[PDB]
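K.L.:
my sequence and its experimental structure, below.
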Amino acid sequence: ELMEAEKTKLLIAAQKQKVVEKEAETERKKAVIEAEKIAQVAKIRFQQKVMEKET
Amino acid sequence: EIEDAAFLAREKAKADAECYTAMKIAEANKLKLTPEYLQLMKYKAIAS
């Protein structure tokens, strides 16, 4: 019986693989969006710094 | 670049301010630096 349980346990992993891949892709997208946010905020801060130095 | 523009003009003011003072000290030196004053300062330079 335990031999047959392992046979099906392989099938469960073949789908948990896709689930984990999708979760990792979601995390990747979130991190990329956060990086873009930081980039734009830095752009605004640098414009402010240039104005600071002119004054 | 902005800082270079600011600093270069700052040093022109410092140069002008010191140049004006030096000429004014030069003008005063003509009357101040008499032989008697030079002797007095000579003897005062060694009191310590």
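P.N.:
On my side now, so go ahead. Residues are numbered from 1 along each chain as shown, chains lettered A, B, ... in the order given.
K.L.:
now do the contacts for the residue in chain A that chain B sits nearest to.
P.N.:
Using Cβ to the nearest Cβ, the single residue of chain A nearest to chain B is residue A:53, 4.6 Å away. C-betas here are computed from N, CA, C, even on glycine. For residue A:53, the contacting residues are B:2, B:3, by Cβ atoms under 8 Å, 6 or more residues apart in numbering or on different chains.
K.L.:
is it in a helix, a strand, or coil?
P.N.:
helix (DSSP: H, G, I helix; E, B strand; the rest coil).
K.L.:
any idea how far the helix or strand hosting residue A:15 is from the chain center?
P.N.:
Using DSSP states H and E, residue A:15 maps to helix A:2-54. For helix A:2-54, the distance from its own C-alpha centre to the chain's C-alpha centre is 0 Å (Cα atoms, centre = their mean, to the nearest Å).
K.L.:
do you know how far the residue positioned nearest the centre of chain B is from residue B:2?
P.N.:
Note on chain B: the residue nearest the mean C-alpha position is residue B:22, at 3.9 Å, using Cα atoms, centre = their mean. Between residue B:22 and residue B:2 the computed distance is 31 Å (Cβ to Cβ, to the nearest Å).
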